[PDB]
Amino acid sequence: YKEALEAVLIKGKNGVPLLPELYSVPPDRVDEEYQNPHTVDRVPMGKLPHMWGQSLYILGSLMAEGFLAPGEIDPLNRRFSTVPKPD
Amino acid sequence: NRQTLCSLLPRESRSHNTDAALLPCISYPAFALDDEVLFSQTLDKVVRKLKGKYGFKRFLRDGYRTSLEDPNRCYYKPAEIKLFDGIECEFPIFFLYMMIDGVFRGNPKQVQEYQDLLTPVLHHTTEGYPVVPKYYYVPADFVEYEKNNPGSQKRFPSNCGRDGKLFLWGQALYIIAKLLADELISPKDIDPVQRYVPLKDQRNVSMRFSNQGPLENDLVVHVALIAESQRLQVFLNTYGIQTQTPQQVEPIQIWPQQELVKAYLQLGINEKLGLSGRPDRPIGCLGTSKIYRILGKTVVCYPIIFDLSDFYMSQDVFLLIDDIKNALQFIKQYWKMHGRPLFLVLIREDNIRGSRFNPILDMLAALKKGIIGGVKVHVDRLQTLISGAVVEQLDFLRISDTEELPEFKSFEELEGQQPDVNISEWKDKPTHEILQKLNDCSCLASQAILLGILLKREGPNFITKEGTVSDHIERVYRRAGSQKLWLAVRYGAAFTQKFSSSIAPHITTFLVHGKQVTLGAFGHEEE
Amino acid sequence: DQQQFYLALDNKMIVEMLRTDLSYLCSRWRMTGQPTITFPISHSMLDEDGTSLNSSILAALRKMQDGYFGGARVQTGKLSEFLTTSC
């Protein structure tokens with residue numbers, strides 16, 4: 001999901017990555033994706049950057065390159081909600 | 001250091017009930033005494049027994065540069081110190097010391113009186129510059145009259161000026177005292193870091209001045225309850241105690257003290273000077289109460305009282321409860337830093353199993369209630385108990401570019417009869433089937449005795465069924481610590497020459513209070 | 001609670017609700033200590049004669065002493081004993 005996201009990030013300003021809000025189907029190519037799904041080339045639209053999505057991209061980048069731990073962003077230990085609880 | 005100073009005072013030493021050397025200590029430039037009463041008392045003794053018209057006597061029965069002292073000899077015979085009473089040389093420099101004391105503490109009457117005492121004993125050079133004599137000695141032909149009536153005979157100056165001999169320490173103290181008295185320098189000028197803090201005594205780190213001041217000590221200690229294992233956590237949970245395993249405070253590393261000493265070993269490293277850093281000595285309650293930041297990782301070390309390596313007393317849960325109580329009382333008494341002290345309480349399964357379950361939970365319920373041993377504590381999560389506290393940043397581990405130093409091992413979560421064999425029964429037995437008697441017997445203390453005899457008779461590192469004698473004996477001691485049969489837990493520690501670090505400081509604590517200690521059994525040789 | 005509705009006036013329903021309510025408790029407790037259900041036996045839970053406990057509740061009470069009722073581990077005791085082992 002990092003390489004997949006890095007190929008959709010739109011470069012802007014002085015080379016900084018911008019997270020597109022959404023990728024939209026070109027009006028002419030709507031019929032093609034009707035028949036063959038998820039293959040037509042989409043154009044970035046909506047908010048640029050998507051300030052919501054951009055933050056988690058940096059947050060994900062921070063915690064994936066060893067600048068932050070899951071516990072520091074989750075000091076209340078919500079990440080352990082999936083561990084089994086004895087009755 | 002502060003306990004030693006408070007215990008020794010108002011005496012300078014065992015031999016000296018009082019000493020003029022205390023005047024620099026409790027006054028300028030050190031102001032080392034913070035307890036006003038101890039200070040008030042300590043001075044009164046110094047003034048009463050050492051003050052004179054010519055100066056202060058260094059200490060009672062002082063033979064330094066006296067008439068009845070042989071200058072060639074560098075030592076005094078035990079029968080000679082009786083000859084120095086009443087004839088002790090009086091040092092005028094302590095007039096200047098008490099003048100500075102008066103200037104600092106704000107009573108000008110003391111300054112004026114002590115200048116008036118100093119003026120007769122001040123000598124002058126050919127240019128009018130005052131000269132402070134080092135000491136005033138009674139003449140050799142006035143010693144008897146001085147002894148009959150102290151202070152009734154004239155004293156001659158050691159230094160007078162016009163001779164080429166000037167007491168530079170005295171001259172410098174004269175300059176400082178005159179500048180302070182003439183108000184050409186403020187006490188705050190020659191004391192930029194406040195060693196003298198007036199009775200408004202609050203918020204000085206390490207100087208007994210906590211937030212509450214010098215009279216109130218209602219310290220609240222940060223107490224984080226840590227369980228060794230997830231089963232321990234869930235089992236303490238079902239009895240109403242909330243605990244966190246080392247993994248549940250995950251970014252934060254819980255450390256033994258040992259690792260903190262290992263981290264501090266790099267403090268002050270200087271290969272060019274041949275300096276090796278901190279000495280390896282256990283960090284104690286005050287040190288482990290701090291929150292440390294090492295290589296970007298925040299670390300908290302549980303107190304030494306939870307280490308199961310130094311001695312086997314902590315294997316007794318009752319002694320563990322009173323050790324926690326004393327540790328919290330000690331931190332309350334002696335923690336005087338800005339932040340609130342953090343006390344990691346480590347719950348072990350061995351501290352729980354069996355009837356030991358009850359007292360440990362009594363202590364934990366007292367902690368949850370907020371008060372134990374009269375010490376207010378704040379039992380909460382370690383993440384909250386670490387947020388806004390002043391962190392100790394061990395930058396020396398990174399200035400040497402040792403960012404890749406081996407990751408220090410943080411604490412890891414875990415995922416019946418009287419002795420049928422008498423000592424004299426088999427020790428007197430000369431023949432050696434006692435080795436088979438080891439298999440014959442079933443008691444663990446029997447195993448401890450047998451493999452101690454094997455470590456003495458059959459070399460230090462002989463092999464056995466389990467392994468080497470040394471590590472088998474260590475395993476036996478560890479096992480005895482667990483199932484609470486304490487004959488073996490004593491025998492293993494004795495036969496392995498086991499010694500805890502707190503003992504030498506404990507003997508020092510006994511000794512500085514005036515209690516000589518002898519370590520030897522009744523009827524044998526005592527040291 | 002009997003003043004709100006009539007579901008508490010059927011003693012066979014008290015056991016049925018209690019059976020699910022312990023089952024809800026054991027699998028969904030996320031607090032320090034152990035849950036403490038104080039179960040007061042009322043005159044309505046007695047028989048029509050008034051001298052005998054209703055069989056459905058009678059079975060329910062002994063069921064709890066044996067340590068299992070409705071899929072939950074029940075440690076029956078006195079409310080004073082559970083002061084230190086409760087939330």
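Please note: Cβ atoms are built from the backbone with ideal geometry, for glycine as well, and neighbour counts cover all protein chains shown. Each value in this text was obtained by applying a stated rule to the coordinates, not by laboratory testing.
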Cα-based reach from B:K376 at 18 Å (exclusive), listing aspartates and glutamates while leaving out same-chain residues under 8 positions away: B:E216, B:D218, B:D322, B:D323, B:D362
For A:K47, give me every one of the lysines with a C-alpha distance below 30 angstrom, ignoring sequence neighbours fewer than eight places off in its own chain. A:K2, A:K11, A:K13
List every residue whose amide H lies under 5 Å from the amide H of B:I241, counting only residues 5 or more places away in sequence or on a different chain, with H placed 1.01 Å from N in the peptide plane. C:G33
Could I have the simple spin-label model distance between B:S502 and B:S13, label points 7 Å from Cα toward Cβ, reported in nm to one decimal? 3.1 nm
Give the percent of DSSP beta bridges with both residues in chain B that are antiparallel, rounded to the nearest 5. 45 percent
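Evaluate Rg over Rh across the stretch B:371-527, taking Cα atoms for both radii and Kirkwood's formula for Rh.
On the way: Rg = 23.6 Å, Rh = 21.1 Å.
Radius of gyration relative to Kirkwood radius: 1.12.
Tell me what chain C gives for mean residue ellipticity at 222 nm when only DSSP H runs of n ≥ 4 count, each as -39,500 (n - 2.57), the sum divided by the residue total, rounded to 500 deg cm²/dmol. It would help to have the intermediate numbers written out before the result.
Values: 2 runs with 28 residues, N = 87.
For chain C, the value works out to -10500 deg cm²/dmol.
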In whole Hz, what ³J(HN,Hα) sequence does the stretch B:332-340 give by Karplus (6.51, -1.76, 1.60; θ = phi - 60°), x for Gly and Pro? 4, 5, 10, 7, 9, 8, 5, x, 8
Per-residue HN-Hα couplings for the stretch B:463-480 [Karplus 6.51, -1.76, 1.60; θ = phi - 60°; Hz; x = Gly/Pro]: 8, 9, 5, 6, x, 5, 5, 5, 6, 5, 5, 4, 5, 5, 4, 4, 5, 5
C-alpha center-to-center spacing [the stretch B:376-454, the stretch B:289-305] in angstrom: 21 Å
Counting sequence-distant residues (5 or more places) and residues on other chains, those with an amide H built under 5 Å from that of B:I372 are B:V377
C:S86 long-range amide H proximity, modeled H, under 5 Å: C:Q34
Sorted on mean Cβ neighbours within 10 Å (highest first), peptides B:2-12, B:162-172 come out as B:2-12, B:162-172
Near B:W255, within a Cβ-to-Cβ distance under 13 Å, what is the net charge of the other residues, with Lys and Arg +1 and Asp and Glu -1? 0
Quick one: B:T464, B:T384, B:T119, fewest Cβ neighbours within 10 Å first, how do they rank? B:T119, B:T384, B:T464
Suppose only helical runs count, i.e. DSSP H with n ≥ 4. What mean residue ellipticity at 222 nm does that imply for chain A under -39500 (n - 2.57) per run, divided by all residues and rounded to the nearest 500 deg cm²/dmol? -8500 deg cm²/dmol
Restricted to Cα positions, what overall size does the stretch B:285-404 have along the principal axes? Three whole-Å values, descending. 51, 29, 24
For the stretch B:479-526, state what percent of all Cα-Cα pairs lands in each successive 10 Å bin, counting from 0 Å until the bin that includes the largest distance. 21, 33, 35, 11
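How high is the FRET efficiency from B:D310 to C:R28, r the C-beta distance, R0 56 Å, rounded to 0.05?
On the way: r = 45 Å, r/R0 = 0.80.
After rounding to 0.05, the efficiency reads 0.80.
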Whole-Hz Karplus couplings 3J(HN,Hα) for the stretch B:442-452, θ = phi - 60° and coefficients 6.51, -1.76, 1.60, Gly and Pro as x, run 10, 6, 6, 4, 4, 4, 4, 4, 5, 7, x
Taking the stretch B:151-221 on its own, what percent of its Cα-Cα pair distances exceed 13 Å? 77 percent
Using alpha carbon centers only, the stretch C:12-69 is separated from the stretch B:144-186 by a whole-angstrom value of 94 Å
Report P(r) for the stretch B:41-155: all Cα-Cα distances, bin width 10 Å, range 0 to the bin holding the largest distance, values in whole percent. 13, 40, 32, 13, 1
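May I ask you to sort B:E271, B:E80 by Cβ crowding, counting other Cβ atoms within 10 Å and putting the fewest first? Let's see the in-between values first.
Details: B:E271 7, B:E80 15.
Ascending Cβ contact count within 10 Å gives the list B:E271, B:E80.
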Tally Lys and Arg at +1 and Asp and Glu at -1 over the other residues with C-beta under 12 Å from the C-beta of B:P133: what net charge comes out? +2
Note, C:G67: beta-carbon cut-off 14 Å, +1 each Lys/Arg, -1 each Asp/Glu, net +1
Distance from the stretch A:2-28 to the stretch B:497-522 (C-alpha centre basis), Å: 73 Å
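Suppose only helical runs count, i.e. DSSP H with n ≥ 4. What mean residue ellipticity at 222 nm does that imply for chain B under -39500 (n - 2.57) per run, divided by all residues and rounded to the nearest 500 deg cm²/dmol?
Details: 19 runs with 190 residues, N = 527.
Rounded to the nearest 500, the figure is -10500 deg cm²/dmol.
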Zone reached by a paramagnetic label modelled 7 Å from B:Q112 Cα along Cα→Cβ, restricted to the stretch B:121-135 with backbone N below 12 Å, covers none
10 Å binning of all Cα-Cα separations within the protein assembly as shown, expressed as whole percents from 0 upward: 2, 9, 13, 14, 15, 15, 12, 9, 5, 3, 2, 1, 0
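Can you pull the Rg over Rh of chain B, Cα-only, Kirkwood? Numbers along the way, then the final one.
Working: Rg = 31.1 Å, Rh = 28.6 Å.
Computed over Cα atoms, the ratio is 1.09.
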Taking the simple approach of a point 7 Å from Cα along Cα-to-Cβ for both C:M17 and A:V43, what is their distance in nm? 6.3 nm
When every alpha-carbon pair in chain A is counted, what percent end up more than 21 Å apart? 52 percent
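How big is the convex hull of the Cα atoms of the stretch B:289-351, per residue, in Å³? Before the final figure, lay out each step's value.
Details: hull volume 6.4 nm³, N = 63.
With only Cα atoms used, the stretch B:289-351 gives 101 Å³ per residue.
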